[PDB]
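Below: the structure, in structure tokens.
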There are 2 protein chains.
Amino acid sequence: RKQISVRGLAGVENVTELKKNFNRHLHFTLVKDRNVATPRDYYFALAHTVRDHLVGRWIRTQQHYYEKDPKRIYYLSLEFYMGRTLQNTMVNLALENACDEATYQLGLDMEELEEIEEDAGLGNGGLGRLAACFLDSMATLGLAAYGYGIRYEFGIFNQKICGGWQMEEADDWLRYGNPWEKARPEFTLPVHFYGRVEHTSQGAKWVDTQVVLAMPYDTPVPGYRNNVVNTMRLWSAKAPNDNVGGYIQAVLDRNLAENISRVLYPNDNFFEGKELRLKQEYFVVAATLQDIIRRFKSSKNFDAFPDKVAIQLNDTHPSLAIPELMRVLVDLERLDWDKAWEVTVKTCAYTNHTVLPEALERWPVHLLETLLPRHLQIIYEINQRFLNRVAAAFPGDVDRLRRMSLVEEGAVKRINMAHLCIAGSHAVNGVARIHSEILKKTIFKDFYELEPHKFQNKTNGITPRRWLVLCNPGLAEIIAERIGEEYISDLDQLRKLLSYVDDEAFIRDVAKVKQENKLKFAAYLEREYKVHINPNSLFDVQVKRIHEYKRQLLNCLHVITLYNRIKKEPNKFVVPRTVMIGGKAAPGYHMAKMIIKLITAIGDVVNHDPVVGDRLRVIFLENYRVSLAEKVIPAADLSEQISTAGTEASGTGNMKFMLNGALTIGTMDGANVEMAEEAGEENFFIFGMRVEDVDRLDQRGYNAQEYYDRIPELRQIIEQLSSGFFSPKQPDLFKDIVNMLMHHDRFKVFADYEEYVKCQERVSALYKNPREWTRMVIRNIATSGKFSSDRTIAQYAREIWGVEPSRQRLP
Amino acid sequence: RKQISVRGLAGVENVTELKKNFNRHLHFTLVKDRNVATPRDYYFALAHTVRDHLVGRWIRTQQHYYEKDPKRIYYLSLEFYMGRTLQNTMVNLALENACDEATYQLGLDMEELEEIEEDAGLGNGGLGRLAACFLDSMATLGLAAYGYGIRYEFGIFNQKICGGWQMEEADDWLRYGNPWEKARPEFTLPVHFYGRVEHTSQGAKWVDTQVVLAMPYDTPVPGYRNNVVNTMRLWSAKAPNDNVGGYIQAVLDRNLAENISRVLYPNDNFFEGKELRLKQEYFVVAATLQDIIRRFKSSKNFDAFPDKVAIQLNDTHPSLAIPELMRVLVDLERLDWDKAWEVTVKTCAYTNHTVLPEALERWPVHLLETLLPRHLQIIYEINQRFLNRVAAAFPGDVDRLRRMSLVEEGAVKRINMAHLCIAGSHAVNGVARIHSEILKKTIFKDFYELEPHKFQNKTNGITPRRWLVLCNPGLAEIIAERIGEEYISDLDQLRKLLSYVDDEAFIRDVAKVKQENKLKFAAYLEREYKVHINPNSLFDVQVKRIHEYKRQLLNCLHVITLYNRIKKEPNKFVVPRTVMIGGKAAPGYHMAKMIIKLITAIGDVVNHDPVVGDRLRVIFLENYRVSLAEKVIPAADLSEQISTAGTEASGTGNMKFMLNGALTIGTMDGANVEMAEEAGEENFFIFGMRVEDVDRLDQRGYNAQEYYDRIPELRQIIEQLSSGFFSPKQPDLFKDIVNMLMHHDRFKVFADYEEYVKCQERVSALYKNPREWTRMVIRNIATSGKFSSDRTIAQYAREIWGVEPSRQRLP
Ligand SMILES: OC[C@H]1O[C@@]2(CC(c3ccc4ccccc4c3)NO2)[C@H](O)[C@@H](O)[C@@H]1O
Ligand SMILES: OC[C@H]1O[C@@]2(CC(c3ccc4ccccc4c3)NO2)[C@H](O)[C@@H](O)[C@@H]1O
């Protein structure tokens, strides 16, 4: 427990001070005493005690940036998937052992207290979590960086499983308050909606608008033991300051404006063109850019703006920053268009995260005209000048003009926000090598040919603080025992572990740590859900949002295959497996909801077959979220990363599993390709179509029937699904799944079935050899260094932002 | 400043500690340093520092009640007009001088900091303010007392005057947070609405309900220097725990339930039968009674309930407590009806505050059936048994049965909540002697004849902490200089001041203090509104909610009379006056809004007539509220208390003026009668019809025309109003006022005009003699002791609650 050296020192005076301040907060802050105090009270007492330790550094860091006047980095995102904050703060401030000891002396288990904290679940998955890892890395690398987003009252919904189906409940994460945020109502700013444009004496004027106030809440972002504490600023919607029925209703109607920040849109990789979403996007953009402009002016004429400001667009969601910056510079600051545009492009950079056409933002022009009339005007002017440049570069190429235009023609005329982003940014990057290459090759080929220098790659990463030191201290410890602690903010040092592939002690310890994590996760499921899992089974884990492209269905086909093979040959030994699948489906995503039901339905049969017993178990992990990822990933043996080649832009869950001692079964997709490159393909369970094979199938037409006709075992499974074998009380329950698989499968599940099953056989074969399993694991952990988000951020800093990262400690 | 001894000691170590804790809060709580810190930051730093001093006493007091197990007093109100808390806390904890010194040493003016605090304006006027004074007195008298109400997000609206008209703005009092409250989400309770009744095996069951959660916020209520800190618990509405459009809308629709605690209904003396108001009333009642029941059970079978619980109903607004208690005792606790009813009546007591029929609560039975079906059933059963008692007591008296029934017949069948309250309470009281007498004489004569022992008087009071020591420390000081400090919680000791009616020093000092207060108020108007007032004028003040019965219009007639008399005889000396009128009109109250416009319109003419100059000025005091009352009342020379005899149940503003060195012009109405009795009528400017005279006019019919025909000066004014003299750009602007006065005046303004004007002449005559004015003032201050809310509460305690008050200090 405390034996773990990476968790820091429990200094005698520090422990004494912590206990004193713990008790002080219990008394003065919580207004409790030990007689009526609950574990929740004790969590809050600890949270406040720990938060106090951030204050000095937080003030000093922000003063430091004022004095040093570095270029400031503004990371704009609609999502920040932060998770819990207590343990992270302790780790980054080197207080974990001290607080553990302090709480122990008070008769409390700190780990029990940590479980009280709600996730800040202000994101959907990978995109939101990337933003969170990025904040952590930017602070650790000493960058003057500011996360900007929306403080949703309700984050990603809490998932309940009832009758085998997903049920959604409001994520009321602020119910007991957030001890980490500091409300800043004094720095509230006005955001404008609707209205109209007057073109007059000085120029254009946006008038007759409806105002929504943006109230900022600042959350500290501690760097790893460098005394840096940066800021995440999240905006909250507030109704503007200024008959009985009339009056009362008028007060109640304040809710309408305040609804802007009420709830996170729960879609992963899907664009839903709701007006409320558009308001949210403009809300963050307008308030944020006001802050940026104010800070710029309070630092020493807009020529130096791009020298002192970088705006990073987390996908196109804050793309309105481009026309908003132009609006402020032209309409308010009175710069000429050309200069303002020069400034804007040098300030802004765009990160693309998605490949699926339905995930791209294309807003109807009518909606933009009504809500943001001046922005639409500016977008049209941007388009005219941009297409003039295309026309000059490629004279007579009319189709290219049509393809590149920010304006999409059709029944409903729309603005392509990705096109706007490329036009208005000096850099455009994808999120893994394969993805960034395909951007230049197909998706934005025309833009790449116009401005090749714009296009970059920044392979994603994860923070080794949250995703190793916090969630897997046992693994962190056995590593530090061999190579010291430098790797925690220099993850490439993990390559030193290749020297221990034949080290008996290290082989022993790696396996020991994994088993400890598996026991702990089994204890979690037993405690929280009364679900029993076989501790001596292979933990086969697919955790990620439920999506057709991510192919949970392919996993389902394999699970049924294992079941059917057992039933055909009950006497034949098979490596016992616990197959775990978890993830949320978007509320409006019918197929994803059906897929969850199929997983539970498969479990209903498999988990109660006496011939199978504990040899195979299929469980659906309820309410997959950051806090759960921190529990299950360190317990995983096999990481399922089985998206159709070309569909997962990068993935980040893949990296978490690799860092935490799981072996990977995956396609050559997203960052899987680079992970396999780093480790050596011999150390990865790579299977299935490459992108080239998918394209060849698309060329001739994907016919699922061919695979059904040629694979007896697949045929059996489909017939089980169709006939009601997995839904005897409702035989036709899965007809939609069967129909999609047979006739309308965009993701070619059947095409990878045979290779997947065979690859899984090789997984089982290696697991039968514990020594060699663990040695391959070592080869994975040791080469996961590239996938630190420190590496990613250092690249953003040097290649896009023009700032030099620094691990230098503040006084 | 600090010379003021009543403000306590500035102990050296105390000042040192306060400065240290001030700076600590600025750093750790506010996350600021002296470079960026605003006066608001400094206010909050002081607020947190002062609040810390309540904590020990607050915990100790509540533990004391658990140990001592006294009878607990629950004061249920829909309104708590608390005002600001910073100064009050300092006064009651003897910290004012210490904090003044501490802040001074830090380079800050504490009075400037105090002005930053928002009023907790969770009431309309007198009723809400009475509740607030009562909380203060109950803590000062060492009673185990709990205020229970609703934490409105928006209190009484902020009043703006624009173009001479009232404009309403949302009172966003929680914008910067409330440092005084402690959120208790852990003690959240479910409140049920709608649904239906099942009568089954065990009995009746309320099922299929919609749930709204009640989250409590506790606010400390310090007694005067007795180390007692009681609790005001205010409930906040929270939505219960458990397609894309569908999901998002479902989350947004949480606002509907949460609207229950959104806004205070802004009506003074008017019943508006809105469903939302009914929900608010049940919301407080249901959550509160759950608390009461829980505390009762956690203290040592329902036989002892009335021995350990008192429920005081602040008017009929929480009247649902009666059927709710019956519901819990019968349906949930399984007591037989008779026993439950015995318990209920002994537990509950009802205070009636209003005389006007339109202020009485009469809820349509259809609304009660839909919203609270089980409560309606219980009400009907209460009615049947109660009328059985009436029938037994008065055999054959069928009309009495009809008159006394809780059920009112007609086109819309309604429940009379006052009747329910009398039936279900062991005590019923009015709020001044005249009012309590008329309850037994007319309004509830039938109930008085049935149960005379139920009927009591409890003349209202005001706290001499807020209403003397806080708002008028200069007066508090000159009093303490002669008689010591005991009077602060023993106000009857002010009678000792009668010994100083001929004391030259005291006459000098009383007049000096008044002039100081007048200078300060003039400085306030100049600073905040750039309005200049004549410091050497009589400050003639009518501050109270705008109501026809309160007769601001009569004041208007007198003001115009003064103006017209000056114009007729410009050379004749008149005592210079500044006539100040302030108060909010209910948003839906057209006549009240017109009256505000008339006051400003009169000012528009009078204040700009060069013949008048500074001899007469008429100003409308914008946004009258508790904090403003604390400023203007100590500056007042003349207190306008001019309600039609029989219409003001008590009044409390009257008492504030008397305590603060103003002489009173008033009718024999409400507590005015007792005030004049205490001081001697020779020391009051009493004028106009007595109740007997009003009744005689009602008997023959009020004909306003008679007065118009007989009073030339009145005729002139009405013709000025009709012809557009006070609205030249809109000649007919005041036609509705004129029409009401001439043909539909329920409050007989014309009937008191002549006596009012003549009485005002006598006011001016006495003001010409400063010595004799001040001597009469002394005679008023010295006899204001009866009107301490300590006296009132001691009476409630002994005569209704069955508890003995105690000024005993806690350790
Ligand atoms: O770069 C971070 C990650 O970004 C994605 C895209 C993505 C996402 C999330 C929310 C969205 C909302 C609207 C439209 C597209 C969205 C895409 N979530 O995960 C990619 O699917 C994933 O491969 C990548 O690792
Ligand atoms: O007892 C305290 C005071 O109570 C009254 C009654 C009152 C009031 C306030 C809000 C109301 C809301 C609905 C119905 C009646 C109401 C009466 N406000 O002032 C009386 O009008 C006043 O004379 C008395 O001093």
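Following the order of the structure tokens, first chain is A, next is B, and so on, with residues numbered from 1 inside each chain and ligands from 1 in the order they appear.
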
Problem set entry | Within 7 Å of ligand 1 (only C-alpha atoms and all ligand atoms), residues as a PyMOL selection string | chain A and resi 124-127+130+267-271+353-354+359-361+431+460+648-652+670

Please produce a file of the residues just selected, as a PDB file, in the first residue's frame, where the atoms kept are N, CA and C atoms.
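Final output, again.pdb:
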```pdb
ATOM      1  N   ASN A 124     -17.980  12.147 -24.450  1.00  0.00           N
ATOM      2  CA  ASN A 124     -18.577  10.914 -24.940  1.00  0.00           C
ATOM      3  C   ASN A 124     -17.645   9.721 -24.897  1.00  0.00           C
ATOM      4  N   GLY A 125     -16.371   9.967 -25.180  1.00  0.00           N
ATOM      5  CA  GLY A 125     -15.397   8.891 -25.264  1.00  0.00           C
ATOM      6  C   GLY A 125     -14.023   9.427 -25.561  1.00  0.00           C
ATOM      7  N   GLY A 126     -13.432   8.905 -26.634  1.00  0.00           N
ATOM      8  CA  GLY A 126     -12.052   9.180 -27.018  1.00  0.00           C
ATOM      9  C   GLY A 126     -11.694  10.632 -27.265  1.00  0.00           C
ATOM     10  N   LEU A 127     -12.574  11.361 -27.950  1.00  0.00           N
ATOM     11  CA  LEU A 127     -12.331  12.774 -28.257  1.00  0.00           C
ATOM     12  C   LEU A 127     -12.271  13.616 -26.983  1.00  0.00           C
ATOM     13  N   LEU A 130      -9.219  12.507 -24.897  1.00  0.00           N
ATOM     14  CA  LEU A 130      -8.006  13.084 -25.485  1.00  0.00           C
ATOM     15  C   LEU A 130      -7.774  14.506 -24.980  1.00  0.00           C
ATOM     16  N   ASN A 267     -23.762  11.812 -28.553  1.00  0.00           N
ATOM     17  CA  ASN A 267     -23.363  11.112 -29.776  1.00  0.00           C
ATOM     18  C   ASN A 267     -21.859  10.948 -29.932  1.00  0.00           C
ATOM     19  N   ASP A 268     -21.449   9.718 -30.222  1.00  0.00           N
ATOM     20  CA  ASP A 268     -20.067   9.400 -30.548  1.00  0.00           C
ATOM     21  C   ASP A 268     -20.003   9.209 -32.060  1.00  0.00           C
ATOM     22  N   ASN A 269     -19.157   9.990 -32.731  1.00  0.00           N
ATOM     23  CA  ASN A 269     -18.988   9.903 -34.187  1.00  0.00           C
ATOM     24  C   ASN A 269     -20.276  10.056 -34.995  1.00  0.00           C
ATOM     25  N   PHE A 270     -21.112  11.011 -34.599  1.00  0.00           N
ATOM     26  CA  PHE A 270     -22.359  11.275 -35.309  1.00  0.00           C
ATOM     27  C   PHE A 270     -22.742  12.738 -35.166  1.00  0.00           C
ATOM     28  N   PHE A 271     -23.011  13.379 -36.302  1.00  0.00           N
ATOM     29  CA  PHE A 271     -23.443  14.770 -36.323  1.00  0.00           C
ATOM     30  C   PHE A 271     -24.963  14.845 -36.302  1.00  0.00           C
ATOM     31  N   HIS A 353     -10.812  14.449 -36.325  1.00  0.00           N
ATOM     32  CA  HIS A 353     -10.865  13.198 -35.554  1.00  0.00           C
ATOM     33  C   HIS A 353     -11.705  12.092 -36.184  1.00  0.00           C
ATOM     34  N   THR A 354     -12.355  12.363 -37.308  1.00  0.00           N
ATOM     35  CA  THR A 354     -13.324  11.385 -37.801  1.00  0.00           C
ATOM     36  C   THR A 354     -13.357  11.207 -39.311  1.00  0.00           C
ATOM     37  N   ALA A 359     -20.428  11.817 -39.484  1.00  0.00           N
ATOM     38  CA  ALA A 359     -19.819  12.473 -38.327  1.00  0.00           C
ATOM     39  C   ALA A 359     -19.359  13.899 -38.648  1.00  0.00           C
ATOM     40  N   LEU A 360     -19.362  14.251 -39.932  1.00  0.00           N
ATOM     41  CA  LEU A 360     -18.967  15.583 -40.371  1.00  0.00           C
ATOM     42  C   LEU A 360     -20.087  16.594 -40.153  1.00  0.00           C
ATOM     43  N   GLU A 361     -19.719  17.777 -39.667  1.00  0.00           N
ATOM     44  CA  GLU A 361     -20.678  18.846 -39.412  1.00  0.00           C
ATOM     45  C   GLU A 361     -20.983  19.637 -40.671  1.00  0.00           C
ATOM     46  N   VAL A 431      -5.159  12.206 -36.506  1.00  0.00           N
ATOM     47  CA  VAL A 431      -4.848  11.772 -35.137  1.00  0.00           C
ATOM     48  C   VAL A 431      -4.097  10.433 -35.035  1.00  0.00           C
ATOM     49  N   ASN A 460      -2.260  10.280 -31.666  1.00  0.00           N
ATOM     50  CA  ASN A 460      -2.810  10.435 -30.322  1.00  0.00           C
ATOM     51  C   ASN A 460      -1.929   9.808 -29.247  1.00  0.00           C
ATOM     52  N   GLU A 648     -11.573   3.514 -37.561  1.00  0.00           N
ATOM     53  CA  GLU A 648     -11.132   4.113 -36.300  1.00  0.00           C
ATOM     54  C   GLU A 648      -9.967   5.052 -36.592  1.00  0.00           C
ATOM     55  N   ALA A 649     -10.209   6.358 -36.488  1.00  0.00           N
ATOM     56  CA  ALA A 649      -9.203   7.358 -36.851  1.00  0.00           C
ATOM     57  C   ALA A 649      -7.888   7.133 -36.102  1.00  0.00           C
ATOM     58  N   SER A 650      -7.988   6.849 -34.805  1.00  0.00           N
ATOM     59  CA  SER A 650      -6.811   6.498 -34.006  1.00  0.00           C
ATOM     60  C   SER A 650      -7.135   5.440 -32.965  1.00  0.00           C
ATOM     61  N   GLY A 651      -8.101   5.751 -32.103  1.00  0.00           N
ATOM     62  CA  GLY A 651      -8.309   4.983 -30.892  1.00  0.00           C
ATOM     63  C   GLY A 651      -7.325   5.453 -29.834  1.00  0.00           C
ATOM     64  N   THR A 652      -7.729   5.346 -28.573  1.00  0.00           N
ATOM     65  CA  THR A 652      -6.853   5.665 -27.443  1.00  0.00           C
ATOM     66  C   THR A 652      -6.956   4.586 -26.378  1.00  0.00           C
ATOM     67  N   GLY A 670      -6.226   2.716 -37.473  1.00  0.00           N
ATOM     68  CA  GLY A 670      -5.871   3.804 -36.568  1.00  0.00           C
ATOM     69  C   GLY A 670      -4.466   3.682 -36.013  1.00  0.00           C
TER      70      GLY A 670
END
```

Problem set entry | Spatial neighbours of range 694-710 of chain B, max dist 9 Å, only C-alpha atoms, sep filter under 3 positions, as an MDAnalysis selection string | chainID B and resid 644:646 689:691 713:715 718 741:751 753

Expected file: the selected residues, N, CA, C and O atoms, as a CSV table (one decimal), in the first residue's frame:
```csv
chain,number,residue,atom,x,y,z
B,644,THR,N,-56.8,52.8,6.1
B,644,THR,CA,-58.2,52.9,6.5
B,644,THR,C,-58.4,52.1,7.7
B,644,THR,O,-58.0,50.9,7.8
B,645,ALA,N,-59.0,52.7,8.8
B,645,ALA,CA,-59.2,51.9,10.0
B,645,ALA,C,-59.9,50.6,9.8
B,645,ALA,O,-60.9,50.5,9.1
B,646,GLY,N,-59.2,49.5,10.3
B,646,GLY,CA,-59.8,48.2,10.1
B,646,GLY,C,-59.1,47.3,9.0
B,646,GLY,O,-59.5,46.2,8.8
B,689,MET,N,-61.2,58.5,10.6
B,689,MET,CA,-62.2,57.6,11.1
B,689,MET,C,-61.7,56.5,11.9
B,689,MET,O,-60.6,56.0,11.7
B,690,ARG,N,-62.4,56.1,13.0
B,690,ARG,CA,-62.2,54.9,13.7
B,690,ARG,C,-62.9,53.8,13.0
B,690,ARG,O,-63.7,54.1,12.1
B,691,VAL,N,-62.7,52.6,13.3
B,691,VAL,CA,-63.4,51.4,12.7
B,691,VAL,C,-64.9,51.6,12.8
B,691,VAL,O,-65.6,51.4,11.8
B,713,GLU,N,-60.7,72.5,-1.8
B,713,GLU,CA,-59.3,72.1,-2.0
B,713,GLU,C,-59.2,70.7,-2.6
B,713,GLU,O,-58.3,70.4,-3.4
B,714,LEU,N,-60.1,69.8,-2.2
B,714,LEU,CA,-60.1,68.5,-2.8
B,714,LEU,C,-60.6,68.5,-4.2
B,714,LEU,O,-60.0,67.9,-5.1
B,715,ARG,N,-61.6,69.3,-4.4
B,715,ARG,CA,-62.2,69.5,-5.8
B,715,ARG,C,-61.1,69.9,-6.8
B,715,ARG,O,-61.0,69.4,-7.9
B,718,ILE,N,-58.7,67.0,-7.7
B,718,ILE,CA,-59.3,66.0,-8.5
B,718,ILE,C,-59.4,66.5,-10.0
B,718,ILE,O,-59.2,65.8,-10.9
B,741,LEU,N,-61.5,56.7,-7.1
B,741,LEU,CA,-61.7,57.6,-6.0
B,741,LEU,C,-63.1,58.1,-5.9
B,741,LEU,O,-63.7,58.2,-4.9
B,742,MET,N,-63.7,58.5,-7.1
B,742,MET,CA,-65.0,59.1,-7.2
B,742,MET,C,-66.1,58.1,-7.0
B,742,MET,O,-67.2,58.4,-6.4
B,743,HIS,N,-65.9,56.9,-7.5
B,743,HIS,CA,-67.1,55.9,-7.6
B,743,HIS,C,-66.9,54.5,-7.0
B,743,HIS,O,-67.9,53.8,-6.8
B,744,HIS,N,-65.6,54.1,-6.9
B,744,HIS,CA,-65.4,52.7,-6.5
B,744,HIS,C,-64.2,52.6,-5.4
B,744,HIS,O,-63.4,51.6,-5.5
B,745,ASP,N,-64.2,53.5,-4.5
B,745,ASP,CA,-63.2,53.5,-3.4
B,745,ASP,C,-63.6,52.7,-2.2
B,745,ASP,O,-64.3,53.2,-1.4
B,746,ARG,N,-63.1,51.5,-2.1
B,746,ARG,CA,-63.3,50.6,-0.9
B,746,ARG,C,-62.7,51.2,0.3
B,746,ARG,O,-63.1,50.7,1.4
B,747,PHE,N,-61.7,52.1,0.2
B,747,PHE,CA,-60.9,52.5,1.3
B,747,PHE,C,-61.1,54.0,1.8
B,747,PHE,O,-60.4,54.5,2.6
B,748,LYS,N,-62.1,54.6,1.2
B,748,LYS,CA,-62.7,55.9,1.7
B,748,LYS,C,-61.6,57.0,1.8
B,748,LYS,O,-61.5,57.6,2.9
B,749,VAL,N,-60.8,57.1,0.8
B,749,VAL,CA,-59.7,58.1,0.8
B,749,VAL,C,-60.2,59.5,1.2
B,749,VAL,O,-59.7,60.2,2.1
B,750,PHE,N,-61.3,60.0,0.5
B,750,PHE,CA,-61.9,61.3,0.6
B,750,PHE,C,-62.4,61.5,2.1
B,750,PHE,O,-62.3,62.6,2.6
B,751,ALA,N,-62.9,60.5,2.7
B,751,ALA,CA,-63.5,60.6,4.0
B,751,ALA,C,-62.5,61.0,5.1
B,751,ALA,O,-62.9,61.5,6.2
B,753,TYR,N,-59.6,62.8,4.3
B,753,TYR,CA,-58.8,63.9,3.7
B,753,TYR,C,-58.7,65.1,4.6
B,753,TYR,O,-57.6,65.6,4.9
```

For this session: Return the neighbours of chain B among the residues of chain A, cut-off 7 Å, counting only C-alpha atoms, as an MDAnalysis selection string.
Result: chainID A and resid 28 31 52 55 169:170 176 185 242:244 247 251:252 259 587:588

How about saving the chosen residues, C-alpha atoms kept, as a PDB file, in the first residue's frame?
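File result_24.pdb, as written:
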```pdb
ATOM      1  CA  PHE A  28     -15.628  24.700   9.304  1.00  0.00           C
ATOM      2  CA  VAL A  31     -20.083  21.749   9.532  1.00  0.00           C
ATOM      3  CA  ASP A  52      -5.773  23.711  -0.699  1.00  0.00           C
ATOM      4  CA  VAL A  55      -3.891  27.097  -4.560  1.00  0.00           C
ATOM      5  CA  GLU A 169     -30.445   8.337 -16.522  1.00  0.00           C
ATOM      6  CA  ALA A 170     -29.343  11.949 -16.046  1.00  0.00           C
ATOM      7  CA  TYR A 176     -23.231  17.178  -3.964  1.00  0.00           C
ATOM      8  CA  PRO A 185     -19.172  35.016 -11.708  1.00  0.00           C
ATOM      9  CA  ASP A 242     -32.728  42.578 -17.450  1.00  0.00           C
ATOM     10  CA  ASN A 243     -49.546  40.748 -15.060  1.00  0.00           C
ATOM     11  CA  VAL A 244     -48.862  38.135 -12.392  1.00  0.00           C
ATOM     12  CA  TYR A 247     -44.014  38.109 -14.467  1.00  0.00           C
ATOM     13  CA  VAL A 251     -38.834  34.350 -14.554  1.00  0.00           C
ATOM     14  CA  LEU A 252     -39.443  30.687 -15.404  1.00  0.00           C
ATOM     15  CA  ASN A 259     -30.637  25.235 -21.265  1.00  0.00           C
ATOM     16  CA  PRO A 587     -29.884   7.118 -26.979  1.00  0.00           C
ATOM     17  CA  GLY A 588     -31.135   7.511 -30.587  1.00  0.00           C
TER      18      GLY A 588
END
```

Problem set entry | Close residues, range 105-113 of chain B itself excluded, 12 Å, only C-alpha atoms, min 2 positions apart in chain, as an NGL selection string | :B and (1-2 or 10 or 12 or 15-16 or 18-20 or 22-23 or 34 or 37-47 or 84 or 86-87 or 90 or 96-103 or 115-118 or 470-471 or 524)

For this session: Return as a list in words the full set of residues in range 310-346 of chain A whose backbone-based DSSP assignment is strand (DSSP E).
Result: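 Going through range 310-346 of chain A, the strand (DSSP E) residues come out as residues 310, 311, 312, 313 and 314 of chain A.
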
For this session: For residue 342 in chain A, work out the shell of residues within 12 Å, counting only C-alpha atoms and skipping chain neighbours fewer than 6 positions away, then give it as a VMD selection string.
Result: chain A and resid 302 to 306 322 325 to 326 329 to 330 335 to 336 348 382 423 to 426

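Interatomic distance, CA of residue 618 in chain A to CA of residue 533 in chain A: 9.5 Å.
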
Exercise. Counting only C-alpha atoms, what is within 6 Å of residue 492 in chain A, bar same-chain residues fewer than 2 positions away, as a list in words?
Worked result: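 Selected residues are residues 490, 494 and 785 of chain A.
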
For this session: Could you pull out the residues in range 427-641 of chain A that DSSP calls helix (DSSP H, G or I) from the backbone, as an NGL selection string?
Result: :A and (433-443 or 445-450 or 452-454 or 465-470 or 473-483 or 486-489 or 491-500 or 504-529 or 552-568 or 590-606 or 613-615 or 626-635)
